[PDB]
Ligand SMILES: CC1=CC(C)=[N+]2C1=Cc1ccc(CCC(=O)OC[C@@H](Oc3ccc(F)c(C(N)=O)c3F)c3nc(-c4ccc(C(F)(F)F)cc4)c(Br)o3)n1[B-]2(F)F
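Below you will find one chain, with nothing else, as structure tokens; this is the form solved without the named molecule, and questions on how it binds or moves follow later.
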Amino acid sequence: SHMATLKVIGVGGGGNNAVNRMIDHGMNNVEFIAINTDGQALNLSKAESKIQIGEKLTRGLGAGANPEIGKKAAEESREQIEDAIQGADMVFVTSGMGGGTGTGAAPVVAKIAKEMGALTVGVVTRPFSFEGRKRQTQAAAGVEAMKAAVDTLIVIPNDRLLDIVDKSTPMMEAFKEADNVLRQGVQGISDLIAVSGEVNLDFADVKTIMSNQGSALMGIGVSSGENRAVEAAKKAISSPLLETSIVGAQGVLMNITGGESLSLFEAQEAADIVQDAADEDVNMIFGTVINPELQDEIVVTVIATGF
């Protein structure tokens, strides 16, 4: 009866990089929108829907690290952005904070999406420390503006990427690990909506956990074998890339997908892992999906808010 529409909007270079890499990986039922001041970069976007903002302000160049230019560019293109969003039930805005276009335009895009009725989720990066204190301060202002504009916000500090590489890991491989946060979160919600569960969660439950909540965690864990449920739940909540850990979470949406072997005992174990790591009394919205195609695999998806 309700087919929820999910859109992913990349704003500025980093955001559109993430969109491009997600399209390459392959997403389905999700619509992509690319927004940038930089017309050269936008010509290379793989997104179906492309919005060049601020052409008169920038002559098709970027914003030159000036967020006021990105903000004014987005505000002047409000009607085009509205038209591209219209009909979305959920919008993910992804951007790299610290530059001019993402920093300034992404909070405007998020504000428009929320004013258009969409549940609005931001997934943004903070710059590497080696980019310097000015970039970090500009980024921090962007994060605060994002938080004011979205329903929920996931911040990925790029410094955390330095914790998951070895001395030879290619930069692009590291960047794909940061992309997975957004990609797997979107996929988890898409799967929740598309698939009827035995204990069934719906898009209204996503809205209840995410609407007007501030910081968020979105995680997926997959495991097989002995202790799979605990192992998958620990993976869902323990990403090394997040600014907002699970600790302090007051509300959680947790969905467990398994085959016909999914036991009640292991569902409780998984729920307990999440409750205990939060170190809070967590208001949980718990779901389960029986996918008989799965054999020994179990998948735990977690959305945590209420920090």
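Note that residue numbering follows the sequence shown and begins at 1.
There is another form of the same protein, the form deposited with the named molecule bound; it is not shown, and what comes next is about it.
- For the named molecule in the deposited bound form, the listed stretch (200-208, 107-115, 71-79, 141-149) containing residues with heavy atoms inside 4.5 Å is 200-208.
- Checking 155, 220, 84, 229 against the named molecule in the deposited bound form, a heavy atom within 4.5 Å turns up for just one residue: 220.
- Contact annotation for the candidate site: 251, 271 and 278 all lie away from the named molecule in the deposited bound form (no heavy atom within 4.5 Å).
- The closest heavy atom approach of residue 288 to the named molecule in the deposited bound form falls within 4.5 Å.
- Heavy atoms of residue 255 reach within 4.5 Å of the named molecule in the deposited bound form, making it an interface residue.
- Contact between residue 89 and the named molecule in the deposited bound form is not found at the 4.5 Å heavy atom cutoff.
- In the deposited bound form, residue 8 stays away from the named molecule, with no heavy atom inside 4.5 Å.
- In the deposited bound form, not one residue of 33-49 has a heavy atom within 4.5 Å of the named molecule.
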